[PDB]
Each structure stands twice: as C-alpha cells, then as structure tokens.
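Structure at a glance
Each chain, written out:
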Amino acid sequence: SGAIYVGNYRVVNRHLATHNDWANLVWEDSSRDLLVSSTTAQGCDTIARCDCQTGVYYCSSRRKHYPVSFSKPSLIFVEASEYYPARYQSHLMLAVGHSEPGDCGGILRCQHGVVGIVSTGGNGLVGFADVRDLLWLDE
Ligand SMILES: CSc1cscc1CC(=O)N1CCC[C@H](C(N)=O)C1
Ligand SMILES: [Zn+2]
C-alpha cells in the first residue's frame with residue numbers, strides 16, 4: 001500500500017484504489033496502473049521533473065529503503081491477476097531489487113523528488129509506475 005500526496009491530489013496504484021478514490025476521480029489509466037483522486041487537505045510532495053536513472057525506494061516487505069538503478073519509462077509485459085489480464089503496462093521502469101505484492105504504493109525518489117510508485121515485481125526485479133511526465137499535478 002501507499003500514495004503520493006501532491007496539492008489537492010492523491011496518486012495511488014489503480015488496482016488498489018478505494019470507493020472514495022473512484023467517487024473523487026480526477027484521472028485513471030489501466031495501461032499505467034495509476035489513478036489520481038482529489039483531496040480536501042493540501043499535499044507537499046515534490047514530484048521530480050528529471051531523467052534520473054538512480055534513486056531510493058521504500059520496501060514494506062523488508063521495512064527498509066533500497067538504492068536502485070532503474071530503466072527509462074517504457075512498455076513492458078505483465079501477467080494476469082484478480083486485477084488485470086496479461087498485457088503491456090506503459091510508463092514502467094525496472095530495477096534489480098526485492099518486492100512482493102503488498103509492496104505496491106511504496107515511493108521511489110531521486111534527489112529531485114518523487115519519481116513514481118512500486119507497481120510490479122518478480123524474480124528479483126521491481127517495477128515502478130513513472131509519474132514525472134504528469135506535469136498537471138503541479139497546476
Ligand atoms: C511489487 S508487485 C509484485 C511483486 S512480486 C509479485 C508482484 C505482483 C505484481 O507484479 N502484480 C500484481 C498486482 C498488479 C500488478 C500490475 N501493476 O499489473 C502486477
Ligand atoms: Zn531526478
């Protein structure tokens with residue numbers, strides 16, 4: 001679990017969104033596993049606006065932060081689930097690192113701010129849904 005709180009927005013994995021998130025829906029994209037809902041309170045997370053390929057992510061299955069080198073956001077295959085059929089997920093960045101299903105929502109950050117959130121994983125790899133291209137989160 002986990003979310004990014006920037007201004008009057010809350011960004012979560014689309015497959016983990018609540019009834020409240022869907023009733024206060026701003027934007028969602030199944031191909032990216034992202035959903036953004038409105039909030040009444042203000043958020044203060046800085047979103048990175050960069051092309052960084054190194055950072056640190058939170059891993060709740062280990063209660064630890066891990067430094068990682070990660071790929072550029074791209075289309076990558078992902079297998080089925082009670083959530084999605086086998087398909088390609090866009091805007092996905094991969095790193096060598098530990099992750100389990102409950103790890104989705106953990107934030108990935110570089111020196112510039114929030115890069116994205118844990119969204120996929122398996123076989124010693126972890127995947128992050130990029131948020132750096134969503135320029136409207138700041139306006
Ligand atoms: C960090 S997720 C994870 C680690 S080991 C097994 C997993 C599961 C995983 O990758 N899923 C299942 C939940 C929906 C995800 C998606 N974004 O399509 C795909
Ligand atoms: Zn950066």
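Reading the values: the criteria
- Residues numbered from 1 in each chain as written, not as in the entry; some residues may be left out.
- Chains lettered and ligands numbered in written order.
- Heavy atoms only, no water.
- Patch = residues over 30% accessible without salt bridge, like charges linked within 9 Å, V, L, I, M, F, W, Y side chains within 5 Å.
- Areas by Shrake-Rupley, 256 points an atom, 1.4 Å probe, with all protein chains shown as cover.
- Salt bridge = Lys/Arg side-chain N within 4 Å of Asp/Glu carboxyl O.
- Helix = DSSP H or I, 4+ residues; strand = E, 2+ residues; numbered from the N terminus.
- Buried < 20%, exposed > 50% of the residue type's maximum accessible area, 1.4 Å probe, protein only.
- Donors = N, O, S within 2.8 Å, 3.2 Å for Na, K, Ca; no water.
- Tetrahedral: all angles 85-135°; square planar, octahedral: opposite > 155°, others 65-115°.
- Near = heavy atom within 4 Å.
- 1 Å grid on protein atoms, 1.4 Å probe; cavity = no way out; pocket = protein on both sides within 12 Å on 5 of 7 lines; lining within 4 Å.
- Sits in = over half its atoms within 2 Å of the grid points.
- Nonpolar A, V, L, I, M, F, W, Y, C, P; charged D, E, K, R; others polar.

What the entry reports as its method is X-ray crystallography, with 1.699 Å given for the resolution.

For the rest of this paragraph, the subject is a nonpolar patch on the surface. Together, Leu75, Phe77 and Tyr88 give the surface a local cluster of nonpolar side chains, amounting to about 370 Å² of exposed area. Its location among the elements puts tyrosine 88 in strand β7 (residues 87-96). Residue classification places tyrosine 88 among the exposed residues on the basis of a relative accessible area of 53%.

Geometry reference: four tetrahedral donors at a metal, ideal angle 109.5 degrees. Six octahedral donors, ideal angles 90 or 180 degrees. At this site the zinc ion (ligand 2) is bound by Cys50 (SG), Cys52 (SG), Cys110 (SG) and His112 (ND1), with donor distances of 1.9 to 2.4 Å. For the zinc ion (ligand 2), the four donor atoms are set out with angles of 100 to 117° between them, so the coordination reads as tetrahedral. The sequence motif formed by the donor residues of the zinc ion (ligand 2) is C-x1-C-x57-C-x1-H. Here the residue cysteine 50 occupies a position in the loop between β3 (34-44) and β4 (54-59), and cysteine 110 occupies one in strand β8 (residues 107-110), the gap between them amounting to 60 residues. Note on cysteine 50: relative accessible area 23%, which makes it partly exposed.

This part takes up the site of ligand 1. In the vicinity of ligand 1 there are 16 residues, among which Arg87, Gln89, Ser119, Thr120 and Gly121 approach most closely. Protein contacts shield 85% of the accessible area of ligand 1, which totals 470 Å² for the unbound molecule. Put simply, ligand 1 lies in the largest pocket. If one sorts the elements of the shell around ligand 1 by residue count, strand β9 (residues 113-122) sits on top with five residues. Split into classes, the residues belonging to the shell around ligand 1 amount to six nonpolar, seven polar and three charged.

Moving on to the pattern of salt bridges. Counted under the stated rule, the structure contains six salt bridges. Note that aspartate 138 is salt-bridged to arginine 49, the shortest N-O span being 2.8 Å. Taken together, the residues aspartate 138 in the segment after β10 (125-130) and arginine 49 in the loop between β3 and β4 connect sequence positions 89 residues apart. Judged by relative accessible area, which is 49%, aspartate 138 ranks as partly exposed. With relative accessibility at 32%, the residue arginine 49 sits in the partly exposed group. Notably, a salt bridge pairs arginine 62 with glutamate 100, separated by 3.7 Å at the nearest N-O pair.

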